[PDB]
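1. quick check, what structure comes out for this input:
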Amino acid sequence: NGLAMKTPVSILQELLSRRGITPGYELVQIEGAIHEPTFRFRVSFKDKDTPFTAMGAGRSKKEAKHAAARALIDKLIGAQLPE
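-> Numbers count the residues shown, from 1 in each chain. The structure is reproduced below:
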């Protein structure tokens with residue numbers, strides 16, 4: 001329940017702080033509207049002697065990175081990260 005009532009971004013920062021991980025990001029594709037384009041980013045990091053990767057998207061470059069990083073969290077916990 002510790003993942004509930006907690007900003008997903010804060011959860012990301014907490015988990016990365018606990019492990020001591022700095023993930024990297026890569027621009028995948030920008031598509032959508034002129035005034036409202038959608039940003040696709042990929043994120044990857046190494047831990048537990050295995051590589052991780054995930055791809056997300058959002059309304060901005062920063063938000064897209066957070067979405068991708070949240071996808072990592074989902075894989076780490078093996079479930080949909082609650083709000």
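2. make it CA atoms for all contacts and neighbour counts henceforth
-> OK.
3. hey, where'd the helices end up in this structure?
-> With DSSP state H applied, the chain shows helices at 8-19, 61-77, listed in chain order.
4. now the angle from the first one to helix 61-77?
-> In this case it means helix 8-19. 60 degrees (axes from the mean of the first three to the mean of the last three C-alpha atoms, to 10 degrees).
5. what does helix 8-19 contact?
-> With contact meaning C-alpha atoms under 8 Å, 6 or more residues apart in numbering, helix 8-19 is reached by 3, 22, 66, 69-70, 73, 81-83.
6. do stretch 57-64 as well
-> For stretch 57-64, contacts defined as C-alpha under 8 Å, 6+ apart pick out 36-41, 56, 65, 67-68.
7. again, 10 Å this time
-> 9, 25, 27-30, 32, 36-42, 55-56, 65-70 (C-alpha atoms under 10 Å, 6 or more residues apart in numbering).
8. just the buried residues from the contacts of helix 8-19, in PyMOL please.
-> Here is the PyMOL command that selects the buried residues among the contacts of helix 8-19 (16 or more other C-alpha atoms under 10 Å):
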select buried, resi 66+69+70+73+81
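9. could I get the contacts of helix 8-19 in JSON lines, plus columns for distance to residue 51?
-> As requested, these are exported to JSON lines (distance: C-alpha to C-alpha, whole Å):
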{"residue": "3", "distance to residue 51": "23"}
{"residue": "22", "distance to residue 51": "13"}
{"residue": "66", "distance to residue 51": "19"}
{"residue": "69", "distance to residue 51": "14"}
{"residue": "70", "distance to residue 51": "16"}
{"residue": "73", "distance to residue 51": "14"}
{"residue": "81", "distance to residue 51": "20"}
{"residue": "82", "distance to residue 51": "24"}
{"residue": "83", "distance to residue 51": "26"}
